[PDB]
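Engineer: Could you have a look at this structure, given as structure tokens, before my questions?
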Amino acid sequence: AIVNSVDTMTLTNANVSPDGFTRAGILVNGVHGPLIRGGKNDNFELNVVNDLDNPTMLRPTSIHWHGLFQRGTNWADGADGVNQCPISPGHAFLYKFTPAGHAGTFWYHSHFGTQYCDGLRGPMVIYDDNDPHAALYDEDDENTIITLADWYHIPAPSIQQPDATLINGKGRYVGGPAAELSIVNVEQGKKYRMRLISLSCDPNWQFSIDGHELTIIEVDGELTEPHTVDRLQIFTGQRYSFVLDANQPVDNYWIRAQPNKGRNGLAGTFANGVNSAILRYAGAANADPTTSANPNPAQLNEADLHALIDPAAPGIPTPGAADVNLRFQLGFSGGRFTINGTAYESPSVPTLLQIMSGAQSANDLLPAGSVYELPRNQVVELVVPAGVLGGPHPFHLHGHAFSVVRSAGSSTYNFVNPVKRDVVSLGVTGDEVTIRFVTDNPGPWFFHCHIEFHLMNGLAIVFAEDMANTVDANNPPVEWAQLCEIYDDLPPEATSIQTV
Ligand SMILES: [Cu+2]
Ligand SMILES: [Cu+2]
Ligand SMILES: [Cu+2]
């Protein structure tokens, strides 16, 4: 169950039934989404061995280590088509990188097509030896992690709405068997750093724990001042650490994660234990909770979250006064999502290899219309107005965390101490989510909607950041460029997809 910072991750197919329904899925070292853990200065060496052979799911793979900036290791970032070609079935690839002092709650997932929706994803926690919030809790370990995952009864390639919400890999579907629910154990009077992670391919969840508050202290691998709420909405790939103060009577309490969509009314109920897990106090019975949610919760508003360390947003504290000011117009036309009129389509040679081969400017890079060059060591402000169908769209920027100077639902800006994070919901029509970051990381980085079906239908762009220093900054192993030659040589039967 635990993958260490130096380890092997062997990918196989197996039949799984996390909600009591059996289907074929993907395992990592014989386990469903095992935790990867390490320390902030660790030199990670993860040999990803692709032994996938079930043709009803994608077989080639690529792993993204979500939230790690990968400075100087752009070739390990994992987005197929941008940072590497996929690792082919029967071959392996050794990713090497370091958090470089960046502690936090992260997650890993395939970044090849919609494969992570089939289960190739898991939590990744990087602990700090000098954590600023250490006095606020007693415990923080493999038992204080709470993952949320959308689970479908049909393999991703054959999707025509989630059948279940899995909490720590377990959950029920409407009309399903009374499958075992996950248990989070706590002892009255103790305080826990609970690390809540969305492994979602699509849905967002309204998360709450009956009788308890959530004291948020970390957001997407970035510390915040402690901000307490009763309920929060968490979007694809976001993470929150909240201190859970086990200050209620010894009892069982429902953990609730209500999705925005789902089959057979899953979005609107908790009946029969769907969308649920159990918080059990030591001494309480081996039984389900009979608790109810707070009927008047304080709901998280992202604009209330404030960065703790180096809080100021970069640049002149005036909207549109960054060094580089980009406004992106999302669209949906002719069956595909577009950004500034162009639907993202993966190139035949991954962006980083295009640059290592000689591309000097964005004009030389493919695909045309999807690549935006950024200069070195400048402040970039991106404005991405909501409105395009299928929202709310949670966009994620690889290579950087950003300050959200203007969140959804707010008309106000905060340049003094806005929250920093790496996935942000663009909100609804009228919202103009605005984020800032510094171009301190040479290499090509994806910027896209993390709803996997949207990314696959075109909602993405690539930033070719500091092209001139990209070759000097990054030194891929010889096996990295060899991925594309091995991949491009694959016979038709090695990549065929059996629809079911
Ligand atoms: Cu991700
Ligand atoms: Cu989207
Ligand atoms: Cu991505």
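Each chain in the structure tokens gets a letter, A, B, ..., in the order shown, and its residues are numbered from 1; ligands are numbered from 1 in order too.
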Can you pull out the residues contacting residue A:195? Cut-off 10 Å, using only C-alpha atoms, and skip same-chain residues under 3 positions away; I want them as number ranges by chain.
Structural biologist: A: 104-106, 123, 125, 140-147, 192, 216-219, 239-244
Engineer: Write out, as CSV, each residue of chain A that has an atom at most 7 Å from ligand 3, together with the closest pair of atoms and their distance in Å to one decimal, counting only C-alpha atoms and all ligand atoms, rows going by chain and rising number.
Structural biologist:
```
residue,atom,partner,partner_atom_place_in_ligand_line,distance
A:79,CA,ligand 3,1 (Cu),6.0
A:111,CA,ligand 3,1 (Cu),6.5
A:396,CA,ligand 3,1 (Cu),6.5
A:398,CA,ligand 3,1 (Cu),6.3
A:446,CA,ligand 3,1 (Cu),5.7
A:447,CA,ligand 3,1 (Cu),6.7
A:448,CA,ligand 3,1 (Cu),6.4
A:450,CA,ligand 3,1 (Cu),6.6
```
Engineer: Which residues, written as an NGL selection string, have at least one atom at most 8 Å from residue A:11, with only C-alpha atoms counted and residues fewer than 2 positions away on the same chain left out?
Structural biologist: :A and (9 or 13 or 26-30 or 48-52)
Engineer: Of the candidates A:408, A:316, A:462, A:16, which one gets nearest to residue A:370 if we count only C-alpha atoms?
Structural biologist: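 Of all the options, A:462 lies closest to residue A:370.
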Engineer: Please return as a PyMOL selection string the residues found within 9 Å of ligand 1, counting only C-alpha atoms and all ligand atoms.
Structural biologist: chain A and resi 64-67+106-111+199-200+236-238+396+398+423+450
Engineer: Nearest residue to residue A:469 out of A:383, A:179, A:376, A:449, using only C-alpha atoms?
Structural biologist: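 The shortest atom-to-atom distance to residue A:469 comes from A:376.
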Engineer: Could you list, as a ChimeraX atom specification, all the residues within 7 Å of ligand 2, counting only C-alpha atoms and all ligand atoms?
Structural biologist: /A:390-394,449-451,454,459
Engineer: Could you check which of A:84, A:470, A:434, A:301 is closest to residue A:351, using only C-alpha atoms?
Structural biologist: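 Using only C-alpha atoms, the shortest distance to residue A:351 belongs to A:84.
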Engineer: Find the residues around residue A:181 up to 8 Å (only C-alpha atoms counted), leave out those fewer than 6 positions away in its own chain, and share them as a PyMOL selection string.
Structural biologist: chain A and resi 167+170-172+273+276-278
Engineer: For atom CA of residue A:81 and atom CA of residue A:59, determine how far apart the two atoms are, in Å to one decimal place.
Structural biologist: 15.9 Å
Engineer: Would you list the contacts of residue A:209 as a PyMOL selection string, taking every protein, DNA or RNA residue within 9 Å and counting only C-alpha atoms, but skipping same-chain residues closer than 4 positions in sequence?
Structural biologist: chain A and resi 213-214+230-231+253-257+278-279+293-294
Engineer: Keeping N, CA, C and O atoms for every residue in the selection just given, could you write it to a file as an mmCIF file, in the first residue's frame?
Structural biologist:
```
data_model
loop_
_atom_site.group_PDB
_atom_site.id
_atom_site.type_symbol
_atom_site.label_atom_id
_atom_site.label_comp_id
_atom_site.auth_asym_id
_atom_site.auth_seq_id
_atom_site.Cartn_x
_atom_site.Cartn_y
_atom_site.Cartn_z
ATOM 1 N N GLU A 213 -15.960 20.818 12.306
ATOM 2 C CA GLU A 213 -15.553 21.937 11.446
ATOM 3 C C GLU A 213 -14.275 21.528 10.728
ATOM 4 O O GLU A 213 -13.587 20.567 11.096
ATOM 5 N N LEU A 214 -13.980 22.307 9.686
ATOM 6 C CA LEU A 214 -12.787 22.048 8.870
ATOM 7 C C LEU A 214 -11.864 23.253 8.945
ATOM 8 O O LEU A 214 -12.206 24.270 8.340
ATOM 9 N N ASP A 230 -17.541 24.970 7.590
ATOM 10 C CA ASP A 230 -18.215 23.688 7.900
ATOM 11 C C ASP A 230 -18.297 22.849 6.622
ATOM 12 O O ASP A 230 -18.549 21.641 6.649
ATOM 13 N N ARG A 231 -18.183 23.502 5.480
ATOM 14 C CA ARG A 231 -18.394 22.796 4.201
ATOM 15 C C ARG A 231 -17.620 23.463 3.082
ATOM 16 O O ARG A 231 -17.420 24.686 3.144
ATOM 17 N N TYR A 253 -19.642 9.462 12.980
ATOM 18 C CA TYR A 253 -20.144 10.649 12.308
ATOM 19 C C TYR A 253 -19.983 10.497 10.806
ATOM 20 O O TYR A 253 -18.982 9.956 10.332
ATOM 21 N N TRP A 254 -21.025 10.845 10.049
ATOM 22 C CA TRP A 254 -20.899 10.696 8.599
ATOM 23 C C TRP A 254 -19.884 11.671 8.005
ATOM 24 O O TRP A 254 -19.902 12.871 8.307
ATOM 25 N N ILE A 255 -19.063 11.191 7.093
ATOM 26 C CA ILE A 255 -18.215 12.008 6.207
ATOM 27 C C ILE A 255 -19.019 12.074 4.894
ATOM 28 O O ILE A 255 -19.309 11.027 4.315
ATOM 29 N N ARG A 256 -19.268 13.278 4.399
ATOM 30 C CA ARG A 256 -20.166 13.472 3.252
ATOM 31 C C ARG A 256 -19.442 14.092 2.059
ATOM 32 O O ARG A 256 -18.730 15.076 2.265
ATOM 33 N N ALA A 257 -19.596 13.533 0.867
ATOM 34 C CA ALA A 257 -18.970 14.150 -0.318
ATOM 35 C C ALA A 257 -20.028 14.064 -1.416
ATOM 36 O O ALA A 257 -20.156 13.005 -2.029
ATOM 37 N N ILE A 278 -17.187 6.974 7.030
ATOM 38 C CA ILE A 278 -17.485 7.091 8.452
ATOM 39 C C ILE A 278 -16.301 7.627 9.249
ATOM 40 O O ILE A 278 -15.239 7.031 9.195
ATOM 41 N N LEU A 279 -16.572 8.661 10.034
ATOM 42 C CA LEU A 279 -15.564 9.126 10.998
ATOM 43 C C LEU A 279 -15.852 8.412 12.323
ATOM 44 O O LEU A 279 -16.943 8.606 12.868
ATOM 45 N N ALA A 293 -26.121 16.442 8.836
ATOM 46 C CA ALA A 293 -25.281 17.590 8.541
ATOM 47 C C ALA A 293 -25.748 18.867 9.227
ATOM 48 O O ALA A 293 -26.920 19.075 9.531
ATOM 49 N N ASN A 294 -24.804 19.781 9.443
ATOM 50 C CA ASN A 294 -25.224 21.081 10.019
ATOM 51 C C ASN A 294 -26.156 21.706 9.004
ATOM 52 O O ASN A 294 -25.886 21.863 7.807
#
```
Engineer: DSSP says strand (DSSP E or B) for which residues of stretch 145-247 of chain A? Put them as a ChimeraX atom specification?
Structural biologist: /A:145-151,164-167,170,173,183-186,191-198,205-209,214-219,222-229,231-234,239-245
Engineer: Can you measure atom CA of residue A:249 to atom CA of residue A:270 for me? One decimal in Å is fine.
Structural biologist: 22.8 Å
Engineer: Choose the residue, out of A:360, A:311, A:252, A:299, that has the smallest atom-to-atom separation from residue A:282; count only C-alpha atoms.
Structural biologist: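 Among the listed residues, the smallest separation from residue A:282 belongs to A:252.
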Engineer: With distances taken over only C-alpha atoms, which residue among A:358, A:444, A:369, A:427 lies nearest residue A:340?
Structural biologist: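 The answer is A:369, which sits nearest to residue A:340.
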Engineer: Set the distance at 12 Å and use only C-alpha atoms: which residues neighbour residue A:88 once local chain neighbours fewer than 4 positions away are removed? I'd like the list as a short mmCIF file (atom, residue, chain, number, x, y, z; two decimals) with C-alpha atoms, in the first residue's frame.
Structural biologist:
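File produced: around05.cif:
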```cif
data_model
loop_
_atom_site.label_atom_id
_atom_site.label_comp_id
_atom_site.auth_asym_id
_atom_site.auth_seq_id
_atom_site.Cartn_x
_atom_site.Cartn_y
_atom_site.Cartn_z
CA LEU A 11 1.06 -0.96 -13.50
CA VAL A 48 7.13 3.32 -13.74
CA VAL A 49 6.80 -0.17 -15.24
CA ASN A 50 4.00 -0.38 -17.77
CA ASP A 51 2.54 -3.92 -17.69
CA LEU A 52 -0.93 -2.86 -18.90
CA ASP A 53 -2.48 -5.38 -21.29
CA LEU A 58 -5.72 2.75 -22.70
CA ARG A 59 -2.43 0.78 -22.55
CA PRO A 60 0.42 3.27 -23.01
CA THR A 61 0.80 5.67 -20.08
CA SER A 62 2.41 8.78 -18.65
CA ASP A 80 1.93 13.27 -22.94
CA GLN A 84 7.17 13.20 -22.96
CA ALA A 92 9.43 1.20 -18.12
CA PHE A 93 10.57 4.75 -17.47
CA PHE A 112 -2.48 10.11 -21.13
CA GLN A 482 13.75 7.05 -26.75
CA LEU A 483 10.19 6.95 -25.47
CA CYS A 484 8.95 8.58 -28.72
CA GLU A 485 10.86 6.18 -30.96
CA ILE A 486 9.52 3.16 -29.05
CA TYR A 487 6.02 4.64 -29.02
CA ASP A 488 5.93 5.57 -32.71
CA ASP A 489 7.08 2.05 -33.67
CA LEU A 490 4.21 0.31 -31.86
CA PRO A 491 2.19 -2.13 -33.95
CA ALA A 494 -0.41 -2.77 -29.10
CA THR A 495 -2.56 0.38 -29.01
#
```
